[PDB]
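Just so it is clear: in the sequence shown, position 111 is 111 by the deposited numbering, and no numbers are missing. Ideal Cβ positions, reconstructed from N, Cα and C, are used throughout, including at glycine. Since the structure comes first, as structure tokens, the remarks are kept for the end.
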Amino acid sequence: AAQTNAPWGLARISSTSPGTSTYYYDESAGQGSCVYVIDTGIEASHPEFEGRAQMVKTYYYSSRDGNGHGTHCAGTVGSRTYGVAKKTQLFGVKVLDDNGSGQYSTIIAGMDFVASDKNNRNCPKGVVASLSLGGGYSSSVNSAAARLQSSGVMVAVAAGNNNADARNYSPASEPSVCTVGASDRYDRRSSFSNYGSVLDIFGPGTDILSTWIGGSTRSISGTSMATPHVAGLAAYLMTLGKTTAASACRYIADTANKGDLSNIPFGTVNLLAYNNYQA
Ligand SMILES: [Ca+2]
Numbered sequence: 001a002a003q004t005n006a007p008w009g010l011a012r013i014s015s016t017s018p019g020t021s022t023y024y025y026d027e028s029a030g031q032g033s034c035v036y037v038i039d040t041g042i043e044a045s046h047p048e049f050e051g052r053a054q055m056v057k058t059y060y061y062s063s064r065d066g067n068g069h070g071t072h073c074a075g076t077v078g079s080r081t082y083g084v085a086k087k088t089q090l091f092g093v094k095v096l097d098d099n100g101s102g103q104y105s106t107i108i109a110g111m112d113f114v115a116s117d118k119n120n121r122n123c124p125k126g127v128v129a130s131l132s133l134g135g136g137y138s139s140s141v142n143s144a145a146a147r148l149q150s151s152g153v154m155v156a157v158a159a160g161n162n163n164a165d166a167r168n169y170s171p172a173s174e175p176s177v178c179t180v181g182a183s184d185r186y187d188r189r190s191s192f193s194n195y196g197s198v199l200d201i202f203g204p205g206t207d208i209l210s211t212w213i214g215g216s217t218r219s220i221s222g223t224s225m226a227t228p229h230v231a232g233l234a235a236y237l238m239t240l241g242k243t244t245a246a247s248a249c250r251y252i253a254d255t256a257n258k259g260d261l262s263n264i265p266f267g268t269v270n271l272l273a274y275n276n277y278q279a
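See the structure below:
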């Protein structure tokens with residue numbers, strides 16, 4: 001399949017080179033996988049989700065995404081026009097308030113929720129969780145992310161946006177999950193992206209067009225935007241049978257575009273998520 005005039009990040013994950021515009025992908029498109037987006041919620045009614053999104057849990061008064069961030073991230077995972085895995089099932093877990101903030105205890109609870117809830121869901125190609133969230137180092141947050149991964153979920157987490165070593169951020173610094181840095185459309189490390197030895201991979205994160213609340217769309221930037229590219233890629237590859245939740249991060253690193261990125265410090269991987277799709 002080919003989506004012409006795709007958002008740059010989708011085109012990027014299907015090319016060995018920057019500057020293309022067409023997103024090339026297998027038509028299976030993540031069908032039969034499930035991605036939990038642990039965030040501010042998901043506006044499941046957005047036409048771009050095509051009925052494939054639902055809220056499953058909220059830690060606030062409403063399950064409504066009153067922010068947009070979670071809807072944007074979910075769109076990069078799995079919306080029709082803006083998503084990597086255009087046929088995946090999306091599940092929203094609202095651990096962040098409508099200002100985009102959340103307490104670690106709540107974030108932890110939402111991770112543990114997913115680890116359990118996936119037993120109520122039919123996800124024959126496997127389960128992914130996208131965590132475009134986090135703050136400073138917390139062993140409890142890292143442990144929660146490690147538990148979610150150990151439970152059989154492919155966990156992708158944002159590296160953080162401090163132009164700093166991700167060792168000091170959580171859940172970014174949990175080694176056992178897939179920690180995602182951000183790049184821009186010219187294959188630079190995004191200005192804000194964290195870096196460091198704990199990063200596993202980079203994905204598109206500067207100027208990423210996706211869904212927003214009120215049935216809208218917008219472009220925003222962050223390691224929060226890179227993370228769902230990797231989560232969606234994992235779902236896509238799991239549906240293809242190329243990898244598993246336990247092994248997907250490593251597979252994505254194995255198959256990434258290598259050495260393409262500029263302003264990558266010493267000790268940080270130079271690896272950009274790539275679907276290796278061959279029609
Ligand atoms: Ca890792």
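Closer than 7 Å: residue i CB and nearest ligand 1 heavy atom
i    : result
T179 : yes
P175 : yes
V198 : yes
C123 : no
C249 : yes
Start-to-end residues for the alpha helix (DSSP H) that takes in residue i
i    : result
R147 : 139 to 150
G110 : 104 to 117
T71  : 69 to 78
Proximity of residue i and residue j at Cβ, strictly below 8 Å
i    : j    : result
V35  : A164 : no
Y59  : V114 : no
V177 : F202 : no
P171 : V141 : yes
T239 : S28  : yes
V127 : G160 : no
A235 : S33  : yes
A158 : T227 : yes
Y61  : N275 : no
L272 : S173 : no
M111 : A144 : yes
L90  : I42  : yes
Residue i (DSSP reduced to helix, strand or coil)
i    : result
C178 : strand
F266 : coil
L237 : helix
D260 : coil
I208 : strand
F91  : strand
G135 : strand
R250 : helix
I213 : coil
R167 : helix
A231 : helix
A1   : coil
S193 : coil
Boundaries (first-last residue) of the beta strand (DSSP E) holding residue i
i    : result
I38  : 33 to 39
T243 : Segment: none, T243 is in no beta strand (DSSP E) and carries neither H nor E.
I220 : 216 to 220
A11  : Not the beta strand (DSSP E): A11 falls in the alpha helix (DSSP H), residues 8 to 13.
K57  : 53 to 58
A85  : It is not in any beta strand (DSSP E) - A85 carries neither H nor E in the DSSP assignment.
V153 : 153 to 158
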